Amino acid sequence: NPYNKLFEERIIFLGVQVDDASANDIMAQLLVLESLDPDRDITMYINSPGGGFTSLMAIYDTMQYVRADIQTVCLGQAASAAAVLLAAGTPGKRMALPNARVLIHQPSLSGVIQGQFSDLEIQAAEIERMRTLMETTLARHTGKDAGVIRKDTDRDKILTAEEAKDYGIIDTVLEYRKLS
Amino acid sequence: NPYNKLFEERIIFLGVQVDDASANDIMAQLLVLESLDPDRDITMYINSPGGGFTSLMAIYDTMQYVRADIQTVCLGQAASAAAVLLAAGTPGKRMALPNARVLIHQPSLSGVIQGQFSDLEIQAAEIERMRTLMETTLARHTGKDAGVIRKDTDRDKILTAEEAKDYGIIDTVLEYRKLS
Amino acid sequence: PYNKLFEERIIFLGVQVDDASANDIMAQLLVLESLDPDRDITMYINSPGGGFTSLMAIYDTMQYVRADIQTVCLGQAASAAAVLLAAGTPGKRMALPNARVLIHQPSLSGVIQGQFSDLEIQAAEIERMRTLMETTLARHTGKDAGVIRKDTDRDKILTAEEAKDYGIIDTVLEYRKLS
Amino acid sequence: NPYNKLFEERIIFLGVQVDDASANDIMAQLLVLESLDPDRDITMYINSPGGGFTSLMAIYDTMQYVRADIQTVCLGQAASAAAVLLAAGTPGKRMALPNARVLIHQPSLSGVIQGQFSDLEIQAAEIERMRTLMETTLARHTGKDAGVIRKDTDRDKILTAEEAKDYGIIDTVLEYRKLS
Amino acid sequence: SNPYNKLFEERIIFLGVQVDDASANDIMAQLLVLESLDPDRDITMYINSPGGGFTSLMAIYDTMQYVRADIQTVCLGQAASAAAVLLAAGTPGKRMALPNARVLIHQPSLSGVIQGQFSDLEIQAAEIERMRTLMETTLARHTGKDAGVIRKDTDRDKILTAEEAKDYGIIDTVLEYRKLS
Amino acid sequence: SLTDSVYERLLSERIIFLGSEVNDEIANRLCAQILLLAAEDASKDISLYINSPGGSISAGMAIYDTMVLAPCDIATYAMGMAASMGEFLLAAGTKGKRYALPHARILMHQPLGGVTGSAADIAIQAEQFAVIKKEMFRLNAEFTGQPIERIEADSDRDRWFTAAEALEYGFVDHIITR
Amino acid sequence: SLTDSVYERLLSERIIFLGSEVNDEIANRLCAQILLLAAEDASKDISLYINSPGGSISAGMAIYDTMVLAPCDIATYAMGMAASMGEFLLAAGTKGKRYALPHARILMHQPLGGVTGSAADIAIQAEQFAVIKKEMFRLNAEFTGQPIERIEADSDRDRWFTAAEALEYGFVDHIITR
Amino acid sequence: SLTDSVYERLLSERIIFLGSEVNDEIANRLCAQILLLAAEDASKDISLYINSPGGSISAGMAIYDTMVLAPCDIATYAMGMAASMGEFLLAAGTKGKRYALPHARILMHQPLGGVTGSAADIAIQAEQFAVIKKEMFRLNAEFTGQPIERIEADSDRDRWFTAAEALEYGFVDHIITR
Amino acid sequence: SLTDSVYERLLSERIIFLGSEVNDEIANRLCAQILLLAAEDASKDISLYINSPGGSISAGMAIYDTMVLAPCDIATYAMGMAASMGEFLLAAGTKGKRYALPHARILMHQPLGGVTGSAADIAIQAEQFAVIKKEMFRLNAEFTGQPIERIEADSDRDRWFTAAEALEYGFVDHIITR
Ligand SMILES: CC(C)C[C@H](NC(=O)[C@H](Cc1ccccc1)NC(=O)c1cnccn1)B(O)O
Ligand SMILES: CC(C)C[C@H](NC(=O)[C@H](Cc1ccccc1)NC(=O)c1cnccn1)B(O)O
Ligand SMILES: CC(C)C[C@H](NC(=O)[C@H](Cc1ccccc1)NC(=O)c1cnccn1)B(O)O
Ligand SMILES: CC(C)C[C@H](NC(=O)[C@H](Cc1ccccc1)NC(=O)c1cnccn1)B(O)O
Ligand SMILES: CC(C)C[C@H](NC(=O)[C@H](Cc1ccccc1)NC(=O)c1cnccn1)B(O)O
Ligand SMILES: CC(C)C[C@H](NC(=O)[C@H](Cc1ccccc1)NC(=O)c1cnccn1)B(O)O
Ligand SMILES: CC(C)C[C@H](NC(=O)[C@H](Cc1ccccc1)NC(=O)c1cnccn1)B(O)O
Ligand SMILES: CC(C)C[C@H](NC(=O)[C@H](Cc1ccccc1)NC(=O)c1cnccn1)B(O)O
Ligand SMILES: CC(C)C[C@H](NC(=O)[C@H](Cc1ccccc1)NC(=O)c1cnccn1)B(O)O
């Protein structure tokens with residue numbers, strides 16, 4: 001496959017909705033490439049709409065765990081969890097294509113989860129723990145103050161790649177090799 | 001596959017919802033790796049939302065049966081059934097990534113099961129036998145007193161990895177090999 | 001990993017006992033009879049059961065083969081699967097210590113309609129299925145079938161340590177490492 | 001596959017619902033084994049719930065056509081068409097396992113077929129032609145008088161294997177090779 | 001190798017399923033390959049089909065009439081609607097059927113309602129009469145009947161036993177068993 | 001309601017409507033209306049206007065028996081469509097009092113049904129379908145005055161009639177044009 | 001309504017209708033109507049016209065018990081169809097007052113049901129199905145005057161009757177033709 | 001309506017109907033009717049005719065409490081079917097005034113329910129199912145006069161009664177045959 | 001209707017029913033009935049009979065505010081089931097006039113809800129769930145006379161009461177037995 005040629009040249013590929021199926025694939029891909037060459041950089045292509053916080057922090061911790069530096073590249077979209085994974089690459093790395101759409105926003109619940117108010121006090125203490133962790137993670141990777149991340153991810157914050165570089169999500173906007 | 005490279009280096013991979021399909025795979029993976037090297041440690045990666053008690057205790061008994069010590073590693077989530085399997089690893093082992101979400105809670109019935117009150121007296125004596133077994137299992141693996149497990153798993157108890165180490169679910173929070 | 005288990009003569013029940021699963025296990029039981037008729041077939045059971053003719057298809061085949069059947073309950077042997085768990089050879093029939101053996105009388109999944117002469121026969125069959133399930137689970141447990149009828153009146157969940165006292169299994173399987 | 005090892009030793013396998021897909025497979029299996037060894041007996045394993053009359057008489061005519069004698073073996077169930085195919089084996093053959101369930105009953109229409117009363121006069125003359133053919137077929141293979149077959153298949157007639165031998169469906173109840 | 005591949009190696013195409021655009025396209029591919037392999041050795045056609053589809057019928061029909069190889073049609077358990085026309089479409093001196101085969105001839109139908117203006121439906125009815133007349137013309141030069149007899153007989157479902165599909169001209173011989181059993 | 005109020009005021013003028021598919025609910029309504037109107041005046045005609053796509057045989061046989069056993073003459077009126085049981089109950093009116101409106105269409109066809117169940121059940125259903133179809137054809141032969149062989153031949157598939165063709169065939173006695 | 005208004009005016013003339021499937025809602029309606037009409041005049045007949053495809057045994061046993069315990073004579077009228085519980089409640093009318101309209105059809109067949117649940121539940125359901133079927137056959141033997149062996153034999157599958165065949169068999173006492 | 005009009009006229013004659021599944025809507029209707037009829041005449045009997053397949057425990061306990069606290073004697077009538085809560089409210093009638101129609105069937109069985117939620121919720125539901133089943137058996141033991149051990153044994157699965165068997169068992173006091 | 005006619009006649013006798021789930025439609029009906037009955041006679045008691053599985057907090061707070069601000073004393077009656085908002089509005093009756101029928105069951109449990117939306121929305125919902133649960137527990141502590149710590153402890157999961165246990169706990173003031 002063309003994906004197998006990318007993985008042979010150490011490019012993991014996010015591509016799809018970050019869920020339990022997609023996170024488990026990427027962590028398997030990150031650890032194999034750590035075992036093949038622990039000193040050669042893994043490249044991560046991100047065209048994902050995000051979603052899923054434990055699937056985020058499964059991918060996030062694994063790409064922070066491996067000895068190989070992660071070169072994240074945003075393709076067309078890094079929305080929600082995928083924008084956190086985009087900032088999760090190594091400093092001096094974390095490219096994005098010039099018309100990529102970085103979308104940061106606070107965690108949500110997809111649909112209503114029912115329960116007693118003691119059950120919902122805990123599902124809300126968790127979604128604030130998920131929110132604070134999403135803002136703490138996106139602060140040491142962007143250089144922001146977490147409180148700025150909280151004010152900015154209050155709503156959907158769509159970043160163009162040229163202003164995701166100013167935000168600290170990425171470090172360089174990826175110049176084209178041919179003008180075309 | 002990248003999963004085949006993980007299994008070649010003796011890493012079983014939970015990954016998905018613990019059900020009859022997923023438990024049967026992991027038990028097949030645990031016994032093959034016992035037959036290949038009974039003295040070399042099986043590593044278990046857990047990114048599961050849990051569910052299923054007999055599928056839990058199928059995986060649980062098999063990873064306790066094999067001569068190989070089980071190194072459980074929580075990836076992004078170990079939520080009930082999977083958090084019991086996370087504590088089910090060998091002491092001196094049982095890692096978790098720093099943003100893993102350990103979720104312990106008492107057994108439930110997914111949906112309503114109907115019947116006569118003599119049928120439901122038995123489905124409730126079983127869900128208390130399932131509850132007591134889940135608290136007895138999570139007591140000799142965490143060092144708690146089962147009554148503390150019963151008071152704590154009364155509701156959803158979400159543990160961060162740093163406080164799942166204090167709880168006894170895991171033994172060390174897994175430091176990153178590169179800072180990134 | 002299933003092929004490595006089958007190479008070492010371990011059939012694997014695993015799923016809901018139906019016409020698809022019974023036909024697989026009978027194919028697996030007869031191949032292993034042809035490979036080594038004197039070496040024991042091991043049967044791993046993690047099934048929720050269901051299906052009586054799929055039960056008695058697996059049951060008769062594991063009784064037919066010359067190889068002794070070592071049944072091992074993994075996490076669950078329910079309905080038809082607990083009968084298959086007792087269907088192993090005496091001196092065999094292990095179960096893991098937190099296995100859940102569930103014996104109960106046969107049921108009809110959903111309503112089957114018909115005239116009362118049609119339903120007199122579907123009920124004479126579900127009593128023939130019930131009596132056969134209690135007769136089968138009596139010569140494999142050493143009980144008196146009437147005790148099986150009183151015990152499988154409702155769901156009887158057995159822990160592995162009390163499925164050994166019941167006669168479903170013969171030994172509760174000790175762990176090789178403490179861990 | 002284990003089925004391929006059975007077919008290599010000349011065992012066709014009914015297994016599933018007798019329909020147009022299953023009948024076409026068995027007729028392909030019966031003719032290949034006629035071409036391989038026309039003098040060595042084809043064994044037919046039957047665990048089917050039956051159904052389908054033209055799929056029955058497709059299998060029935062083919063296992064009567066081939067030069068190889070057909071050894072039918074009922075596994076757990078020979079219901080409806082399956083029980084006619086069970087009786088369709090060669091005399092001196094037609095085994096059944098001791099807890100097999102032979103179920104003979106008259107043909108039915110699965111669901112309602114609509115139409116004018118001239119259309120339904122023909123769909124009923126056919127279901128009586130199907131009924132008479134099912135009773136004529138099950139008379140020269142059981143030694144009954146067809147009128148006895150009509151009185152017995154008036155309703156569902158479930159036969160135990162020991163009383164399907166007395167009925168003439170099978171010729172011997174298959175003794176176990178090991179007691180176990 | 002599948003058992004179907006062993007049948008196709010010995011030049012047996014196999015109808016088997018509902019005659020539709022998927023099944024007709026397979027059989028025409030099978031008929032032309034076997035024409036290219038041996039154009040002088042007979043293709044055998046096994047028919048256990050419930051029929052259906054008129055352009056899928058006449059796709060199979062024209063191809064088994066086109067090929068130089070004589071077609072030996074064999075009805076297995078059922079030849080209904082389009083499949084009974086394909087059963088009669090074999091070569092004379094051929095066209096077997098098993099003794100309990102069910103040959104079902106009936107006039108073309110529309111599966112479900114097709115809507116439209118009455119000028120649209122005048123044409124969908126002139127076509128279903130063109131389909132009916134073609135089904136009766138085709139089943140007349142292969143059965144020796146007079147098309148008007150075919151029209152009177154396929155007015156309703158006409159189920160033929162194989163012994164009376166031979167008297168009807170659908171098949172030419174009822175296939176005797178090689179062993180009594 | 002409004003529609004029930006107009007029907008009630010025409011029930012007072014002894015005008016009842018078979019205006020839908022003849023099922024048991026519409027039949028028991030009409031049978032109740034014919035019993036109610038025959039109890040009020042046993043000598044005045046009941047006008048049954050039929051705009052019906054047909055319906056159940058036994059539902060229309062309930063209406064037909066209530067039409068016959070009413071001492072009133074049931075004047076029937078083909079109004080737009082008298083198909084199946086609608087043509088039956090149209091032709092079931094009092095002789096001399098079966099009317100077709102000039103653009104009503106009459107559909108005589110053999111009864112529809114469905115066979116299901118076991119082959120012994122279907123052998124009984126077809127035995128009863130032959131009984132129902134013979135009596136439905138016998139009554140259409142009695143109503144129209146046609147032979148039962150012509151009724152069986154014409155009502156083999158859908159046999160449509162205009163108001164003029166139904167007058168010649170015998171379903172109606174007059175085509176009213178006012 | 002209109003349909004309720006015609007039924008109410010026939011309720012005033014002591015004419016009630018079993019015009020649908022005998023479920024508990026129609027049975028409790030008829031049981032209420034028989035109790036209401038037996039309270040008004042305890043000596044005038046109640047005319048129960050039956051256009052029914054059958055229904056629940058216990059619903060029709062509610063009607064049958066209300067028919068018997070009413071001091072009124074319940075004249076029953078087979079109107080189009082009296083299948084299952086409809087034939088039962090038809091034959092359950094007062095002797096001498098069970099009528100078939102001349103084209104009503106009578107369907108006597110053994111009760112339908114469904115078994116479900118565990119094998120100890122089904123053994124109770126079939127024990128009770130044998131009780132229901134024996135008492136349903138005993139009452140059809142009492143109504144028709146046929147032996148219970150003939151009722152059990154004929155009502156094994158669907159056994160259809162015309163109005164003339166039901167008169168010979170014993171479901172009705174007269175075929176009214178007015 | 002018609003059905004509501006016949007029920008209203010029997011409400012005027014102090015005859016109420018438990019004619020469906022005992023849910024909260026039918027229970028609050030009957031509880032309102034018993035409160036309405038006990039307010040009109042506090043000394044005349046209320047006739048509760050029961051054609052019921054059972055229903056909610058708490059809905060039927062609302063009816064049972066309204067039956068007991070009414071100063072009227074609630075005459076109950078097993079009409080066709082008194083199953084589950086229907087048998088309970090039948091046997092809950094005034095002693096001497098619990099009637100079975102001769103072909104009514106009585107179904108005494110232990111309550112149905114459903115467990116759901118977490119294991120601490122189910123431990124509460126089963127604690128409450130043991131409370132409900134003990135009090136349901138205590139009251140059926142009080143009504144029928146049977147021991148609570150016999151009520152618990154017989155009402156373990158479906159235990160069907162005819163009218164004669166329910167008279168011996170104690171659900172009804174008379175089998176009325178008029 | 002019939003059911004509306006019996007409820008209207010008990011509305012004339014100042015008896016209203018909370019007989020279903022407390023949603024806004026039933027609450028606005030009861031709030032309208034309490035406002036209507038307090039306008040007719042401002043000194044006669046309103047009898048609120050409660051057969052309720054609980055319901056919306058704000059719907060039952062509408063009823064509770066209409067109960068308090070009515071100059072009438074709202075006598076509440078646990079009839080079969082007073083769960084959730086049903087137990088709340090039962091215990092919300094006038095002190096001395098909160099009644100349990102002897103087999104009514106009382107279910108006190110903490111409120112159910114659902115969180116959804118973004119984490120800033122859920123932080124507001126949980127802030128408001130803590131406000132609702134504190135005020136629901138404060139009022140159940142005010143009604144029953146129990147401490148708010150005992151109300152919070154007992155109403156953590158489902159806490160069932162019989163009529164005698166609810167009398168000891170404080171939901172009702174009397175168990176009426178007439
Ligand atoms: C920046 C990220 C963390 C924000 C968005 N992710 C989430 O909030 C996701 C969306 C989601 C998925 C399933 C169920 C509920 C909610 N949050 C979660 O994964 C989640 C899971 N359990 C509880 C609470 N939140 B995004 O990735 O869509
Ligand atoms: C460690 C224990 C608590 C495992 C937990 N899982 C459960 O609670 C699951 C949820 C479930 C799944 C299927 C059917 C019914 C209930 N418990 C069970 O597997 C289960 C199965 N049968 C009866 C009772 N509980 B957790 O949520 O993963
Ligand atoms: C060990 C024995 C009792 C197996 C039991 N199996 C059953 O109850 C199953 C459940 C079922 C499945 C499909 C259709 C109807 C019913 N029993 C049967 O297989 C069955 C099949 N046909 C008629 C009657 N029972 B198990 O559920 O206890
Ligand atoms: C051996 C005899 C009793 C066949 C039995 N089943 C049937 O009668 C089957 C069931 C069925 C399937 C499809 C459509 C209608 C009916 N009969 C037929 O195959 C069939 C097909 N077309 C018309 C009439 N009957 B049994 O289930 O195999
Ligand atoms: C041998 C001839 C008559 C084949 C007959 N086939 C048909 O009746 C089929 C049924 C059908 C399928 C799809 C769409 C519409 C109608 N006739 C046709 O293929 C067809 C297709 N388009 C227009 C009209 N008829 B068979 O059913 O008798
Ligand atoms: C009137 C006759 C000649 C033609 C048609 N009538 C019938 O055959 C009706 C059509 C219908 C209506 C409702 C439900 C099912 C079927 N068929 C019957 O009532 C019927 C069918 N089979 C046996 C007994 N009665 B027409 O009314 O559509
Ligand atoms: C009247 C008798 C002889 C024949 C038929 N009656 C029944 O068996 C009907 C079947 C039915 C009807 C409506 C809803 C559900 C079930 N009686 C019953 O309700 C029934 C069914 N099984 C056991 C006891 N009673 B008929 O009414 O269809
Ligand atoms: C009266 C008793 C002994 C027998 C049966 N009762 C019940 O099972 C009914 C079941 C039901 C019925 C209708 C709506 C909701 C629930 N009992 C209950 O309401 C119930 C169920 N679980 C817990 C507490 N009460 B009856 O309804 O068949
Ligand atoms: C009433 C108190 C004592 C406890 C329970 N409350 C609730 O379940 C109800 C749930 C409900 C019920 C019906 C319609 C809408 C919402 N609580 C609420 O109304 C509610 C829910 N979320 C926020 C604020 N109020 B009970 O009603 O089940």
# chains A, B, ... in the order shown; residues from 1 in each chain; ligands from 1

call {"tool": "select_by_dssp", "arguments": {"residues": "region 50-122 of chain G", "states": "alpha helix (DSSP H)", "output": "ChimeraX atom specification"}}
result
/G:57-69,85-91,119-122

call {"tool": "write_last_selection", "arguments": {"atoms": "N, CA, C and O atoms", "output": "short mmCIF file (atom, residue, chain, number, x, y, z; two decimals), in the first residue's frame"}}
result
data_model
loop_
_atom_site.label_atom_id
_atom_site.label_comp_id
_atom_site.auth_asym_id
_atom_site.auth_seq_id
_atom_site.Cartn_x
_atom_site.Cartn_y
_atom_site.Cartn_z
N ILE G 57 -59.49 -15.92 23.78
CA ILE G 57 -60.37 -16.87 24.44
C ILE G 57 -60.98 -16.23 25.68
O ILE G 57 -62.20 -16.25 25.87
N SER G 58 -60.14 -15.63 26.51
CA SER G 58 -60.60 -15.06 27.77
C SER G 58 -61.45 -13.82 27.57
O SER G 58 -62.32 -13.53 28.39
N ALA G 59 -61.20 -13.08 26.50
CA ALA G 59 -62.08 -11.97 26.17
C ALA G 59 -63.44 -12.46 25.73
O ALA G 59 -64.47 -11.93 26.16
N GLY G 60 -63.48 -13.50 24.90
CA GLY G 60 -64.76 -14.06 24.51
C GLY G 60 -65.44 -14.85 25.61
O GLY G 60 -66.66 -14.96 25.60
N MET G 61 -64.67 -15.40 26.54
CA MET G 61 -65.27 -16.01 27.72
C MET G 61 -65.86 -14.98 28.66
O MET G 61 -66.77 -15.30 29.42
N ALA G 62 -65.33 -13.76 28.65
CA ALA G 62 -65.98 -12.68 29.38
C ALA G 62 -67.32 -12.35 28.76
O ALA G 62 -68.30 -12.14 29.48
N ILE G 63 -67.38 -12.31 27.43
CA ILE G 63 -68.62 -12.03 26.73
C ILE G 63 -69.60 -13.17 26.93
O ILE G 63 -70.78 -12.94 27.22
N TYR G 64 -69.12 -14.41 26.82
CA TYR G 64 -69.96 -15.58 26.99
C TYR G 64 -70.55 -15.68 28.39
O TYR G 64 -71.71 -16.05 28.55
N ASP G 65 -69.76 -15.33 29.40
CA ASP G 65 -70.30 -15.34 30.75
C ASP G 65 -71.29 -14.21 30.96
O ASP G 65 -72.25 -14.36 31.71
N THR G 66 -71.06 -13.08 30.30
CA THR G 66 -72.01 -11.98 30.42
C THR G 66 -73.27 -12.27 29.62
O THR G 66 -74.36 -11.84 30.01
N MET G 67 -73.15 -13.03 28.54
CA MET G 67 -74.32 -13.47 27.78
C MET G 67 -75.17 -14.45 28.58
O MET G 67 -76.40 -14.38 28.56
N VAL G 68 -74.53 -15.39 29.28
CA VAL G 68 -75.27 -16.40 30.02
C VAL G 68 -75.90 -15.80 31.26
O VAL G 68 -77.08 -16.03 31.55
N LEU G 69 -75.15 -14.99 31.99
CA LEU G 69 -75.67 -14.45 33.23
C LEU G 69 -76.60 -13.27 33.03
O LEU G 69 -77.18 -12.81 34.01
N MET G 85 -63.46 -17.00 18.05
CA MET G 85 -64.35 -16.59 19.17
C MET G 85 -65.66 -16.05 18.60
O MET G 85 -66.64 -16.02 19.34
N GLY G 86 -65.67 -15.67 17.32
CA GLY G 86 -66.92 -15.21 16.74
C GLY G 86 -67.90 -16.34 16.56
O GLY G 86 -69.09 -16.18 16.80
N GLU G 87 -67.41 -17.52 16.15
CA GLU G 87 -68.29 -18.68 16.07
C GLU G 87 -68.67 -19.17 17.45
O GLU G 87 -69.74 -19.77 17.61
N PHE G 88 -67.79 -18.97 18.42
CA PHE G 88 -68.07 -19.42 19.77
C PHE G 88 -69.21 -18.61 20.36
O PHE G 88 -70.18 -19.18 20.86
N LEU G 89 -69.12 -17.29 20.26
CA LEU G 89 -70.14 -16.42 20.81
C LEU G 89 -71.42 -16.46 19.99
O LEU G 89 -72.49 -16.16 20.52
N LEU G 90 -71.32 -16.81 18.72
CA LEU G 90 -72.50 -17.10 17.92
C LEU G 90 -73.24 -18.31 18.44
O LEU G 90 -74.44 -18.26 18.71
N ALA G 91 -72.52 -19.41 18.59
CA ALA G 91 -73.10 -20.63 19.11
C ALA G 91 -73.43 -20.52 20.59
O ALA G 91 -74.20 -21.33 21.11
N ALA G 119 -38.61 -23.90 30.12
CA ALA G 119 -39.33 -25.15 29.92
C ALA G 119 -40.28 -25.47 31.06
O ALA G 119 -41.20 -26.26 30.87
N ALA G 120 -40.08 -24.89 32.24
CA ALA G 120 -41.06 -25.03 33.29
C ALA G 120 -42.23 -24.09 33.09
O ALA G 120 -43.35 -24.40 33.52
N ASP G 121 -42.00 -22.94 32.45
CA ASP G 121 -43.10 -22.06 32.09
C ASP G 121 -43.94 -22.65 30.98
O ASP G 121 -45.17 -22.59 31.02
N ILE G 122 -43.29 -23.24 29.97
CA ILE G 122 -43.98 -23.80 28.82
C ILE G 122 -44.76 -25.05 29.22
O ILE G 122 -45.84 -25.32 28.68
#

call {"tool": "residues_around", "arguments": {"residues": "residue 25 (chain H)", "least_positions_apart": "4", "cutoff": "8 Å", "atoms": "only C-alpha atoms", "output": "list in words"}}
result
residues 29 of chain H; 19 and 20 of chain I

call {"tool": "write_last_selection", "arguments": {"atoms": "N, CA and C atoms", "output": "compact mmCIF listing (two decimals), in the first residue's frame"}}
result
# COMPACT_ATOMS: atom_id res chain seq x y z
N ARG H 29 -57.89 6.04 37.08
CA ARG H 29 -59.28 6.11 36.66
C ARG H 29 -60.18 5.35 37.62
N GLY I 19 -51.37 11.60 38.93
CA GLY I 19 -51.47 10.19 38.66
C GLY I 19 -50.50 9.67 37.63
N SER I 20 -49.51 10.46 37.26
CA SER I 20 -48.55 10.02 36.26
C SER I 20 -47.21 10.66 36.57

call {"tool": "residues_around", "arguments": {"residues": "region 63-65 of chain D", "least_positions_apart": "2", "cutoff": "9 Å", "atoms": "only C-alpha atoms", "output": "PyMOL selection string"}}
result
(chain D and resi 27+30-31+42+58-61+67-70+85+88-90) or (chain E and resi 98+175-181)

call {"tool": "residues_near_ligand", "arguments": {"ligand": "ligand 5", "cutoff": "7 Å", "atoms": "only C-alpha atoms and all ligand atoms", "output": "PyMOL selection string"}}
result
chain E and resi 51-55+57+80-85+105-112+124+127-128+131-132+135

call {"tool": "residues_near_ligand", "arguments": {"ligand": "ligand 6", "cutoff": "7 Å", "atoms": "only C-alpha atoms and all ligand atoms", "output": "VMD selection string"}}
result
chain F and resid 23 53 to 58 83 to 86 88 108 to 114 129 132 136

call {"tool": "write_last_selection", "arguments": {"atoms": "C-alpha atoms", "output": "short mmCIF file (atom, residue, chain, number, x, y, z; two decimals), in the first residue's frame"}}
result
data_model
loop_
_atom_site.label_atom_id
_atom_site.label_comp_id
_atom_site.auth_asym_id
_atom_site.auth_seq_id
_atom_site.Cartn_x
_atom_site.Cartn_y
_atom_site.Cartn_z
CA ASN F 23 -63.29 -3.82 5.75
CA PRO F 53 -62.14 0.12 -4.31
CA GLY F 54 -63.44 -3.25 -3.11
CA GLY F 55 -62.63 -4.98 0.11
CA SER F 56 -63.14 -8.05 2.24
CA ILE F 57 -65.51 -10.72 0.96
CA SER F 58 -66.95 -11.47 4.39
CA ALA F 83 -64.59 -2.26 -7.74
CA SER F 84 -64.39 -5.74 -6.17
CA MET F 85 -66.82 -5.78 -3.22
CA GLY F 86 -67.96 -2.36 -4.42
CA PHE F 88 -70.70 -6.72 -5.72
CA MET F 108 -65.35 -7.08 -11.57
CA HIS F 109 -62.50 -9.43 -10.72
CA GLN F 110 -62.06 -12.72 -8.88
CA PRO F 111 -61.25 -12.45 -5.17
CA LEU F 112 -57.78 -11.75 -3.86
CA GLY F 113 -56.40 -13.58 -0.89
CA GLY F 114 -53.33 -15.18 0.54
CA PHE F 129 -61.13 -20.20 -1.71
CA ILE F 132 -65.80 -18.35 -1.78
CA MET F 136 -69.06 -14.88 -5.34
#

call {"tool": "interface_residues", "arguments": {"of": "chain H", "to": "chain G", "cutoff": "6 Å", "atoms": "only C-alpha atoms", "output": "list in words"}}
result
residues 2, 3, 19, 79, 80, 81 and 178 of chain H

call {"tool": "atom_distance", "arguments": {"atom1": "CA of residue 16 (chain I)", "atom2": "CA of residue 77 (chain I)"}}
result
10.2 Å
